Amino acid sequence: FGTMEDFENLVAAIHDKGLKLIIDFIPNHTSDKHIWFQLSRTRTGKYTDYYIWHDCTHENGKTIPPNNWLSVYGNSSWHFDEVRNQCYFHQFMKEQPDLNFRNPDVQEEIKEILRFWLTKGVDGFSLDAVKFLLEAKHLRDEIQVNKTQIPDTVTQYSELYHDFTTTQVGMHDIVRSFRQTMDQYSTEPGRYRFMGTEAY
Amino acid sequence: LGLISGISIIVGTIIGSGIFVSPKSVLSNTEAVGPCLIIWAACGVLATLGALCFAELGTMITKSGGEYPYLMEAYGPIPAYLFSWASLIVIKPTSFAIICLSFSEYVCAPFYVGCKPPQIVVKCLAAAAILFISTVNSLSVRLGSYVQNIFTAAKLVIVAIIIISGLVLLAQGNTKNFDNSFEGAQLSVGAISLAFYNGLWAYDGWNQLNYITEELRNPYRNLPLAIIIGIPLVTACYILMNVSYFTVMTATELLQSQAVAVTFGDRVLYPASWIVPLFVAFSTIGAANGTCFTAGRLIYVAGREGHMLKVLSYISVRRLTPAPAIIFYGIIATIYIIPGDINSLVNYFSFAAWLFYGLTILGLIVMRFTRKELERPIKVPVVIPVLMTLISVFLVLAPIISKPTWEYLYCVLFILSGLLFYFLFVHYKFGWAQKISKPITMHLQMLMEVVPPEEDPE
Ligand SMILES: CCCCCCCCCCCCCCCCCC(=O)OC[C@H](COP(=O)(O)O)OC(=O)CCCCCCCCCCCCCCCCC
Ligand SMILES: CCCCCCCCCCCCCCCCCC(=O)OC[C@H](COP(=O)(O)O)OC(=O)CCCCCCCCCCCCCCCCC
Ligand SMILES: *[C@@H]1O[C@H](CO)[C@@H](O[C@@H]2O[C@H](CO)[C@@H](O)[C@H](O)[C@H]2NC(C)=O)[C@H](O)[C@H]1NC(C)=O
Ligand SMILES: *[C@@H]1O[C@H](CO)[C@@H](O[C@@H]2O[C@H](CO)[C@@H](O)[C@H](O)[C@H]2NC(C)=O)[C@H](O)[C@H]1NC(C)=O
Ligand SMILES: NC(=[NH2+])NCCC[C@H](N)C(=O)O
Ligand SMILES: [Ca+2]
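Those sequence lines, one after another, are chains A and B. In this text, residue positions in the first sequence follow the authors' numbering: the first is 187, and each later residue adds one. In this text, residue positions in the second sequence follow the authors' numbering: the first is 30, and each later residue adds one.
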């Protein structure tokens, strides 16, 4: 798409025509090539708890996961990492590990990203996948839609009720703290910052 | 008064409400940042070359008034009569209307944060300032001058805050609005001419510099030295305030802004942003309270030649104030704000003022061929009133041949309507003329308790 100077020339050009610019923001997960995840799986410093890791019993090339939770695109939502020798959680794909939002260091890093783009002059944000932000820490199994189905065959996302992996207690308070961070850039009149959420 | 304290009256009179209102319409006509700062410097040159021409006439002739004794010595009684008529109904009430409308733009704007305040609130708060200042100055002759010292003190505090905060932010590297300063401009003689109208409104007051600054320890040296120092010091403050605006604002954000200083004070002074609508509003009614002091000085000397109604410039017996002249200026100023619109009263004021600025400066060149043997202590080089005459021809003819709007027709039709009154009341002393005027003079005298001023010329 270009460089950072191409973005800054676009933001200035949008403002000279009287337009506003909002961008997407992805708080739920990163790539597994992010620098936080490469430090997380070697247990380096504070980054050890940036992602959700749990013990598993990977043998014969196959993983026994800690529970029955499924990915949105459909298989187990736990993936074994060979360097860490633990399993990490992902809501969408195994290349997209979920951030641990019960860690307050993670919540501080998301706020610095928001301040970065608001300083560039972005007029607002669209928040993606906010209902996936928190999961239950008790790690109990979800309820099957068909209770006589054998659990070896439960692999599709629509075969479970997602009572423990979507819309947990404390999720709306994280979205409200995002609104509080953007309120420090909204005090000047005519420069209110927009926050929209996507939950489909 | 010395030299250094002579600068203080020149700066304090010129710096007013103009620098808080005019930067939007100078930029709107020359649509780049680069030519906008060239215009604010070129109006500082016109204001000092114009005030040097008035300093020569003010020590040559030595009669009080304004441009009225300068026009009488050069052309006769016809353009002298037209000046006292056009300053009675056009020049002085529109100056009072622009300032009181400029006060109301700054009181209303912090209550409409991202929004535009409706015209009924701007006009009915400006009308309440015209009536309140006309009531105070018609009752309490000493009260207007005591509060003037705290209005001048509040004026140059908010000027020093804007200039210094613009130099601090420019030091930190906020120079990205001056990058390609000359891309997108107008070489149009209607857009350049209207940027000169609004730029010279903020410099207005250079022609009233003659009389109250003759009280110096050594005139004919300290008066032309107070103009070369005093007005280019104002030009240094006006360029620095406009540079201070463009460090926090784009040229697009400055056009889409109601009051340009409340936008500055919202980005720089956040937890105390209300001090900019508080000090600018104090500085603005200080500029309107100052003009009601000298109400009647030109009225008295034009009435002495029979060129003005003498019921004006009468003095109330209780509360020794020129109450007929103050009440008359308040009525015409409230009539002017109902069609209203700063950027329409500025063009209406500037067409009439610069028609008569260029007639007295041309009268300086006439009085060198017709009026020798006349003892000139201050003497300018002859090229200074020549180019100041040709620039005044450019500021009069170019708006009506490029962008002729309807306010330039009402300004001509009000000046030449005085030319009819010259031929019915001055040139031909008809019998039915003073059968009307002295009944009005006698009945207004008992209605207001106003007497002839117990005062001869000096
Ligand atoms: C629509 C277009 C046209 C609009 C015209 C509107 C005219 C409205 C006039 C309103 C006058 C308001 C005066 C009150 C101002 C008070 C200010 C103040 O503080 O005063 C202190 C001053 C102090 O007096 P003290 O209280 O006695 O000490 O108070 C007064 O002097 C009040 C006296 C009232 C003056 C009224 C003058 C009216 C003149 C009308 C004459 C018209 C003649 C026309 C003849 C035509 C012949 C062809
Ligand atoms: C307190 C405020 C009101 C007091 C001042 C106004 C007095 C009310 C009377 C108004 C005029 C009445 C008709 C004229 C009476 C005098 C005629 C005459 O023979 O003069 C002899 C007169 C000499 O009279 P003497 O003073 O008695 O010697 O000769 C002249 O002075 C010639 C100059 C005339 C100037 C006329 C000024 C008219 C002011 C009103 C203009 C109205 C339009 C305002 C602008 C449009 C709206 C934006
Ligand atoms: C996970 O889902 C994938 C679907 O992408 C399954 O992998 C293959 O799916 C294709 C159908 O598109 C079959 O033809 C292959 O036989 C599947 N592979 C295998 C090894 O069976 C996969 O079975 C699912 N389950 C797991 C545990 O990975
Ligand atoms: C899902 O639930 C159904 C019953 O709710 C389970 O049982 C099947 O029900 C159908 C009803 O028409 C019968 O025809 C089948 O014989 C039943 N038995 C089977 C398929 O073994 C069903 O087993 C559950 N699981 C799945 C994967 O369908
Ligand atoms: N005689 C007058 N008060 N004229 C108006 C002066 C305007 C002043 N120079 C300003 O900056 O707004
Ligand atoms: Ca999550």
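We put the CB at the ideal spot given by N, CA and C, even for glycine.
From B:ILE221, B:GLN287, B:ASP233, residue whose alpha carbon lies closest to that of B:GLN148
By 1-based counting over the second sequence, the position of residue 148 of chain B is 119. When each option's Cα is compared against that of B:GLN148, the closest is B:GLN287.
C-beta neighbour in chain B for A:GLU374, strict 8 Å
Translated into the one-based positions of the first sequence, residue 374 of chain A becomes position 188. Yes, because at least one Cβ of chain B sits closer than 8 Å to the Cβ of A:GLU374.
What residues in its chain sit with their C-beta under 7 Å from that of B:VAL375, if we drop five residues either side in the sequence?
Taking the first residue of the second sequence as 1, we reach residue 375 of chain B at position 346. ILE127, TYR226, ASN227, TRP230.
Cut-off 7 Å between Cβ atoms - residues of its own chain near B:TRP303, not counting five sequence neighbours on either side:
As a working mapping, residue 303 of chain B is identified with position 274 in the second sequence. Excluding positions up to five away in sequence, the list reads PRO139.
Counting only C-beta atoms, is residue 492 of chain B closer than 8 Å to chain A at any point?
The displayed coordinates of chain B run from 30 to 487. Any statement about residue 492 of chain B would go beyond what the structure contains.
Report all residues from its chain with a CB closer than 8 Å to the CB of A:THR216; omit the five preceding and five following residues, and keep chain order.
Your numbering for residue 216 of chain A matches position 30 in the first sequence. Listed in chain order, the non-local C-beta contacts of A:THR216 below 8 Å within the same chain comprise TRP222, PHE223, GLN282, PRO283, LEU285, local neighbours out to five positions each way being set aside.
State buried or exposed for B:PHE450, treating a residue as buried only when at least 16 other CB atoms are found within 10 Å of its CB.
Locating residue 450 of chain B in the second sequence gives position 421, counting from the first residue. Exposed: under 16 other Cβ atoms inside 10 Å.
Go to A:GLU194, then tell me how far its alpha helix (DSSP H) extends in each direction, as first and last residue.
Counted from its first residue, the first sequence places residue 194 of chain A at position 8. According to the DSSP assignment, A:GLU194 belongs to the alpha helix (DSSP H) that extends over 190-202.
Cβ atoms of B:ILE366 and residue 548 of chain B: under 8 Å apart, would you say?
The requested residue 548 of chain B is not part of the displayed model; chain B covers only 30 to 487.
Taking DSSP's pairing of strands, which residues face B:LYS408 in a bridge?
Counting from 1 along the second sequence, the entry for residue 408 of chain B is found at position 379. When DSSP reads this structure, B:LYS408 sits in no beta bridge, so it has no partner.
Under 8 Å from the C-beta of B:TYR299: neighbouring residues of chain A:
The count along the second sequence starts at 1 and reaches residue 299 of chain B at position 270. Within chain A, the residues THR373, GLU374 have their CB atoms less than 8 Å from the CB of B:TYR299, given in chain order.
When the Cα of B:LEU168 is compared with those of B:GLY325, B:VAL119, B:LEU349, B:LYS464, which residue comes out closest?
As a working mapping, residue 168 of chain B is identified with position 139 in the second sequence. Taking only the C-alpha atoms, the option nearest B:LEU168 is B:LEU349.
Taking 7 Å as the cut-off, is the beta-carbon of B:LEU445 closer than that to any non-hydrogen atom of ligand 2?
Taking the second sequence and counting its residues from 1, one reaches residue 445 of chain B at position 416. Answer for B:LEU445: no, Cβ out of range of ligand 2.
What's the call for A:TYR236, buried or exposed, on a 16-neighbour Cβ count within 10 Å?
Position 50 of the first sequence, counting from 1, holds the residue named residue 236 of chain A. Buried.
Classify B:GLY105 as buried or exposed, calling it buried when 16 or more other Cβ atoms lie within 10 Å of its own Cβ.
If you number the second sequence from 1, residue 105 of chain B lands on position 76. Under this definition B:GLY105 is an exposed residue.
For the candidate residues A:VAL292, A:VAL269, A:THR351, A:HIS240, whose alpha-carbon lies nearest to that of A:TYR233?
Position 47 of the first sequence, counted from the first residue, corresponds to residue 233 of chain A. Nearest option by C-alpha distance: A:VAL292.
The segment 409-428 of chain B / the segment 92-109 of chain B touching (three or more Cβ pairs under 8 Å):
No, the segment 409-428 of chain B does not touch the segment 92-109 of chain B.
In chain order, which continuous runs of the beta strand (DSSP E) of length 3 or greater are located wholly inside the segment 229-316 of chain A?
264-267, 272-275, 310-314
Limits of the unbroken alpha helix (DSSP H) element including A:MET381
Reading the first sequence from its first residue, position 195 is the one you call residue 381 of chain A. Unbroken run through A:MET381 is the beta strand (DSSP E), 380-384; no alpha helix (DSSP H).
Based on the DSSP secondary-structure assignment, which residues constitute the bridge partners of A:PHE211?
Locating residue 211 of chain A in the first sequence gives position 25, where the first residue counts as 1. Note: A:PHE211 sits in a beta bridge opposite A:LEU313.
Pairwise C-alpha distance: B:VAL395 and B:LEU269
Stepping through the second sequence from its first residue, residue 269 of chain B is reached at position 240. Stepping through the second sequence from its first residue, residue 395 of chain B is reached at position 366. Computed Cα separation, rounded: 38 Å.
When every heavy atom of ligand 5 is checked, does at least one fall within less than 7 Å of the C-beta of B:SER174?
What you label residue 174 of chain B is simply residue 145 of the second sequence in a count that begins at 1. It does not: the Cβ of B:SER174 is nowhere closer than 7 Å to a heavy atom of ligand 5.
May I ask you to list, following chain order, the residues of the segment 51-69 of chain B that have a beta carbon less than 7 Å from some beta carbon of chain A?
none
Is residue 437 of chain A close to ligand 4? I mean its beta-carbon at under 7 Å from any heavy atom of the ligand.
No information on residue 437 of chain A is available, as it lies outside the stretch 187 to 386 that chain A covers here.
Across which residues does DSSP place B:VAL479 in a beta bridge pair?
In the second sequence, residue 479 of chain B corresponds to position 450, counting from 1. Beta-bridge pairing links B:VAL479 to B:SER345.
Closest to B:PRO486 by CA distance: which of B:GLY325, B:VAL197, B:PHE161 is it?
Taking the first residue of the second sequence as 1, we reach residue 486 of chain B at position 457. Among B:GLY325, B:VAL197, B:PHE161, the Cα nearest to that of B:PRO486 belongs to B:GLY325.
Beta-carbon contacts of residue 505 of chain B that lie in its chain and below 7 Å, excluding the five residues immediately before and after:
Since the first and last residues shown for chain B are 30 and 487, residue 505 of chain B lies out of range.
Quick one: what's A:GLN366 bridged to in DSSP?
Sequence index remark: in the first sequence, residue 366 of chain A carries index 180 (1-based). None, per the DSSP bridge assignment.
Just to confirm, does B:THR470 get its C-beta within under 7 Å of one of the non-hydrogen atoms of ligand 2?
Position 441 of the second sequence, counted from the start, is the residue given in the question as residue 470 of chain B. B:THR470 Cβ: within cutoff of ligand 2.
So if DSSP puts A:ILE329 in a beta bridge, which residue, or which two residues, is it bridged to?
Counted from its first residue, the first sequence places residue 329 of chain A at position 143. The partner list for A:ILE329 (beta bridge, DSSP) reads A:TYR347.
Taking beta-carbon pairs under 9 Å, can you tell me which members of the segment 202-228 of chain A lie near chain B?
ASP202, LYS203, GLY204
Taking all protein chains shown into account, decide if B:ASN247 is buried (16 or more other Cβ within 10 angstroms of its Cβ) or exposed.
Indexing the second sequence from 1 puts residue 247 of chain B at position 218. So B:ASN247 ends up on the exposed side.
Verify the contact flag: B:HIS336, CB atom, against every heavy atom of ligand 2, threshold strictly below 7 Å.
Along the second sequence, read from residue 1 onward, the residue named residue 336 of chain B stands at position 307. Under cutoff, so the answer is yes.
Local conformation of B:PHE443 per DSSP, three classes
For the purposes of this step, residue 443 of chain B is taken as residue 414 along the second sequence, with counting starting at 1. DSSP places B:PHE443 in helix when its eight states are reduced to three.
C-beta contact flag for B:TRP235 and B:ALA84 at 8 Å
Along the second sequence, read from residue 1 onward, the residue named residue 235 of chain B stands at position 206. Along the second sequence, read from residue 1 onward, the residue named residue 84 of chain B stands at position 55. The answer is no: Cβ separation not under 8 Å.
Residues with a Cβ closer than 7 Å to any heavy atom of ligand 8, in chain order?
You won't find ligand 8 in this model; what it holds is ligand 1, ligand 2, ligand 3, ligand 4, ligand 5 and ligand 6.
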